[PDB]
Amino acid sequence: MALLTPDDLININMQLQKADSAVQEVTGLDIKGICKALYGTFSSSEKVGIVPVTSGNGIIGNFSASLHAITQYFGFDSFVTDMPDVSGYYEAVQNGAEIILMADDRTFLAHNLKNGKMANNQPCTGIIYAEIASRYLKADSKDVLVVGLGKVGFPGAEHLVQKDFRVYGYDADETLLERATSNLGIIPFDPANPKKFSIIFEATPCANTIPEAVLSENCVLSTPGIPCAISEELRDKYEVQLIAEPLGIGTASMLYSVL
């Protein structure tokens, strides 16, 4: 359970702006374009009701405001209800929400009431970050290092296998590693035997999980993980093309997936 903190979400508009430019640089597409490639969809001011939730750890400072900003950025007609929980859900439906957006400590979801489609943040995030990684314009081959094979990492790796990549997976939990190798057919990556990658997808809640031996100049590191998977020093040394943003890209993936 690695939950966002209010500090992760400070100046979310700038974080999203910067992530969008990096995505354009790496892939030639903006985030909307990535979403169009994945799902074939575009926004048309659909009304999105964002419902604060007091369950578990409770309301996270900046969370709903951040979803508010994220959804406006992508062209949705969004709003945040005054009431939380079930009273908030009611308020949202009654005020004409077409899509509901809400999270407890275990599930962040988007539910499109017009067409019944529903998205879970975890696979949506893994998929979009892996898609971004896969579209690095100047990569020499379909070879990608995946570090972290949990709720985000595994569907990301699955997506890459489906796009005919050689996927090299590592997870510190050896049982997760085994399951993923047998279910997905990924290559089990041994850090003691390192190679350089130009494409890396990382989804862990830990810092400095990408060692120097695995980097090449201008390599792409596409990572929803928090805190950052690579030190500032290694990032500067190898001119890493970092795609890393705390909420928006995954939220976009959810929303465009239910359109």
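Whichever C-alpha set is largest while still superposing within 1.5 Å between the two forms counts as the rigid core. For every residue, the number given is its place in the sequence shown, counted from 1.
Enquirer: Going by root mean square C-alpha distance after a core fit, say whether 199 to 207 or 38 to 46 is farther from the shown form in 8 other deposited structures of this protein.
Expert: Checking 199 to 207 against 38 to 46 in 8 other deposited structures of this protein, I find the farther stretch is 38 to 46.
Enquirer: 8 to 16 versus 244 to 252: which one's CA atoms end up farther from this form in 8 other deposited structures of this protein after a core fit?
Expert: Taking the RMS over all superposed structures in 8 other deposited structures of this protein, 8 to 16 lies farther out.
Enquirer: Could you tell me whether residue 59 lacks coordinates in at least a third of the other compared entries whose models cover its neighbours on both sides?
Expert: Yes, residue 59 lacks coordinates in at least a third of the other compared entries.
Enquirer: Using the B-factors recorded in the PDB entry, average over the C-alpha atoms of 246 to 254 and of 20 to 28, then report which stretch comes out higher.
Expert: The stretch with the larger average C-alpha B-factor is 20 to 28.
Enquirer: Averaging C-alpha B-factors over each stretch, which comes out higher, 137 to 145 or 116 to 124?
Expert: Looking at the recorded C-alpha B-factors, 137 to 145 comes out higher on average.
Enquirer: Between 203, 213, 200, 65, where does the Cα B-factor run highest in the record?
Expert: Max CA B-factor in the entry, restricted to 203, 213, 200, 65: 213.
Enquirer: According to the Cα B-factor stored in this entry, which of the following is highest: 83, 177, 103, 152?
Expert: The C-alpha B-factor peaks, among 83, 177, 103, 152, at 177.
Enquirer: Looking at the entry's B-factor column for C-alpha atoms only, identify whether residue 91 ranks in the lowest, middle or highest third of its chain.
Expert: Its C-alpha B-factor belongs to the lowest third of this chain's values.
Enquirer: Using only modelled residues of the chain, where does the Cα B factor of residue 172 rank: lowest third, middle third or highest third?
Expert: It falls in the top third of the chain.
Enquirer: Please rank the C-alpha B-factors of the chain's modelled residues and tell me whether residue 109 sits in the lowest, middle or highest third.
Expert: Lowest third of the chain for residue 109's C-alpha B-factor.
Enquirer: So where's residue 161 on the chain's Cα temperature factor ranking, which third?
Expert: According to the entry, residue 161 has a C-alpha B-factor in the chain's highest third.
Enquirer: If you rank the chain by CA B-factor, which third does residue 132 end up in: lowest, middle or highest?
Expert: It falls in the middle third of the chain.
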